[PDB]
Each structure stands twice: as structure tokens, then as C-alpha cells.
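Encoded as C-alpha cells, the following chain is the form deposited in one PDB entry, with no partner shown.
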């Protein structure tokens, strides 16, 4: 097929190796240089091999909403929010809590 391998992504007619989770493309590969990947900036993440120039925005856990980061945001994993201690969940959105009351 014309498509690139799993490990790789298209840059016009080329296929370039992908960045590891935690990193984004700064320079596309060519004849003389490989893919140059930089770590996701503070506040963003990517859980997968990718060929993107940007990372995804991490989930904020707003303490004004009674929330605390139950898992911090890291280069390879979104933040997970839970209730601050002494607060209880007042709105559940699927498998996560969106707001807590004292």
C-alpha cells in the first residue's frame, strides 16, 4: 500500500519515523536528518507514538470546583481530577467527577 508503516507518518511523499509518547515533531525527517522530537511543553501530553507538531491539552482540576488532581498531568498521560478532601461529588460526567461540594 501507499500508506506509511505504523511507526511512521507521511510528510508529502516521504514516510518519517514517529515521535515516542511524551514528544512532538519539531523537525520532519529528510535525507540528512531524522525526525527531531521535543518533549511536550508543561500542561500538555501525548499518550501515543505520533507525528503531530502539538501535544493535547491536559485536563485542569479547578480547586474552585472542589477538585484536586488525583493523577498529575505528565508528558505521556492526561491529568485525572477527583474531589478535594472534605468534599463530595455533586456532578458525575461518565467515569469522572466534574464538581465537588464541601
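Residue numbers count along the first chain shown, from 1. Between two forms, the rigid core is defined as the largest C-alpha subset superposing within 1.5 Å.
Form deposited in another entry: not shown, discussed below.
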When the two forms are laid on each other by their rigid core, does residue 24 show a Cα shift of 2 Å or more between this form and the one not shown? no
Would residue 84 count as moving between this form and the one not shown, using a Cα shift of 2 angstroms or more after superposing the core as the test? yes
Does residue 72 move appreciably between this form and the one not shown, meaning a CA displacement of 2 Å or more on the superposed rigid core? no
